[PDB]
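In the form deposited without 2'-deoxycytidine-5'-triphosphate, a lone chain appears below as structure tokens.
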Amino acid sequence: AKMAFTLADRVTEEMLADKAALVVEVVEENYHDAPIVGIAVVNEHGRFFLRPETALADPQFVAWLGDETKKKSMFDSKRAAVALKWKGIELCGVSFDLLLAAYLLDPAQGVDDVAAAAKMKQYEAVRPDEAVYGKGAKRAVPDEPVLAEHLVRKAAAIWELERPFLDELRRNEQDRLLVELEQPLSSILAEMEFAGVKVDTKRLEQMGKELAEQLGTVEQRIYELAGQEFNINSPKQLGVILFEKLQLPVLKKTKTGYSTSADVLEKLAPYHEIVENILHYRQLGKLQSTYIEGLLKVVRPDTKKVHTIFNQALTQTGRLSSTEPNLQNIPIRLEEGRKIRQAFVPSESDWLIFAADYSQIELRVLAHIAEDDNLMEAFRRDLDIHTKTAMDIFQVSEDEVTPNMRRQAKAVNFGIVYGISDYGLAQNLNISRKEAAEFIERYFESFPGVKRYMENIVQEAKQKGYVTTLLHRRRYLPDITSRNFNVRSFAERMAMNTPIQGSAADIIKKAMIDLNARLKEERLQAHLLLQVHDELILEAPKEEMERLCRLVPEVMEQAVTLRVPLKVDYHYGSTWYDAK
């Protein structure tokens, strides 16, 4: 059953054909400055395995890799491209990425390796990576014979699977989504990750010192009020102190014990002074452990930069995710946590951070897809959407909208943007499910077009089995037919929400591609560093700010043309914190 192939000791001309399935294996999960353990090539002439030290030192092979006219089919090309960038080698001509193809066909399958993608087309002549490399403290690279056969089988699977995957994408009207959006985006993300973001470690360390002192003060105060010392970080130990020793009311319980989440503590604060201190401790501890110590752990000592990895094939909405570190959830709401952003600085002297964000892109997308007259008019007038929503649902003039009314209208809009249930809204506003439902009812009366859309999209999901986005991304919802109210309800809200969130994801991805093309045409040194769902973060020479102030918003606003305009806000400064 063994698969034939040549275990080459040298690179030959037949290995450099203009079309091939290529495997440049990086076993380490985090591929930054990571080892390439082997290379496999499959083309019209045969199957070949090459030792990295050999292939990567060969001028012809390196030239072949960087030749845009020599087309390669791969799985997770970004991983290979980045690992190669760290070695000063350019990878060009990737015309098909099986990971991205599988992801577009069905994001819910969780395809994470060639074997998983192959199984989608009943191809099983390849082993899962985990079976070959193991996992955890057991994860390691097998002897050459085992490694070589695995890489060749993966290349062979890619070679065989390109056509059927492209055929199905074509049927789904997703061929352009792969070739014109996701694949070009993959290269841009590779550049962003490789560039990394500079961190002011001295500043971070100084902050940690301060928090350490503040944590010590609050920590001691907590034992003072509790009358004893315990592990505040232990929900179990803390639960004992709060609900047994101090006799605080049990307003909520968890699957295993007493609930001590912030929302619960907030309600208990009036009963005892220890509560506010626990909350403060929680806040400081979160910053210290996750955003100070955690960040410092992944900063590269030599360059002082962090190189995140964007997972482009994970979410069912089309959004990106960020890891090691996660740069999509750096604090900003509270001033104390916001200061963390002062640690993210430009990578060069006299450069600045530039940040541009879409203003309410999700609700604008909803106005467009639902063709709701009221919502479209609101955005055409560039109204404060929360104030407008409050005016409509509570039936009052703009002057009559109170701060509490706007806050609740804003919560309703938040619920619409993320597709939360009436139960979730009730929880967020600390009201009854019935009152939350009444708010939603009033909203649909004010925005009948949105109501019709939500009804129609649910019916469409049930009829076709999936829902789609502006650029044809797809999400299957098998649970839409469940006879279980909760399971079905969740699916219906995803049917409602995915076209909204997913289309917003499509738009910013296209904006990134359009922006990089524009930056190159204008020969600006400015470059993308991060994407945080509805915002783009760049760095550039201070002398390019004025040009970026006009260029970036324009490109982002013109990425697509909707029934309502798109609006982009922007700021720049010496640190990410200052780009506000």
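For the two forms, the rigid core is made up of the largest set of C-alpha atoms that agree within 1.5 Å on superposition. Counting begins at 1, following the sequence as shown.
- In 8 other deposited structures of this protein, superposed by the rigid core, the C-alpha atoms of 279-287 lie farther from the shown form than the other of 70-78 and 279-287.
- Of the two segments 270-278 and 340-348, the one whose CA positions lie farther from the displayed form in 8 other deposited structures of this protein, once all are superposed on the rigid core, is 270-278.
- Per-stretch averaging of Cα B factors for 508-516 and 65-73 places 65-73 on top.
- For the pair 257-265 and 441-449, the mean Cα B-factor is higher in 257-265.
- Reading the B-factor column for the CA atoms of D106, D200, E149, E219 in the entry, the top value corresponds to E219.
- Comparing C-alpha B-factors across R364, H272, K85, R79 in the deposited entry, the largest value falls on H272.
- Ranked by C-alpha B-factor against the other modelled residues of its chain, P184 falls in the lowest third.
- Looking at the C-alpha B-factors along this chain, the one for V42 belongs to the middle third.
- Sort the chain's modelled residues by C-alpha temperature factor and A411 lands in the middle third, per the entry.
- When the modelled residues of the chain are ordered by C-alpha B-factor, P346 sits in the middle third.
- Annotation for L470: C-alpha temperature factor in the lowest third relative to the rest of the modelled chain, per the entry.
The form deposited with 2'-deoxycytidine-5'-triphosphate bound is left out here; the points below concern that form.
- Only one of the listed residues (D373, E273, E173, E441) places a non-hydrogen atom within 4.5 angstroms of 2'-deoxycytidine-5'-triphosphate in the deposited bound form, and that residue is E173.
- The partner is absent here; in the deposited bound form, the one residue of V240, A195, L470, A226 having a heavy atom within 4.5 Å of 2'-deoxycytidine-5'-triphosphate is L470.
- Proximity to 2'-deoxycytidine-5'-triphosphate in the deposited bound form, taken as heavy atoms within 4.5 Å, picks out 176-184 from the listed stretches 201-209, 176-184, 241-249, 430-438.
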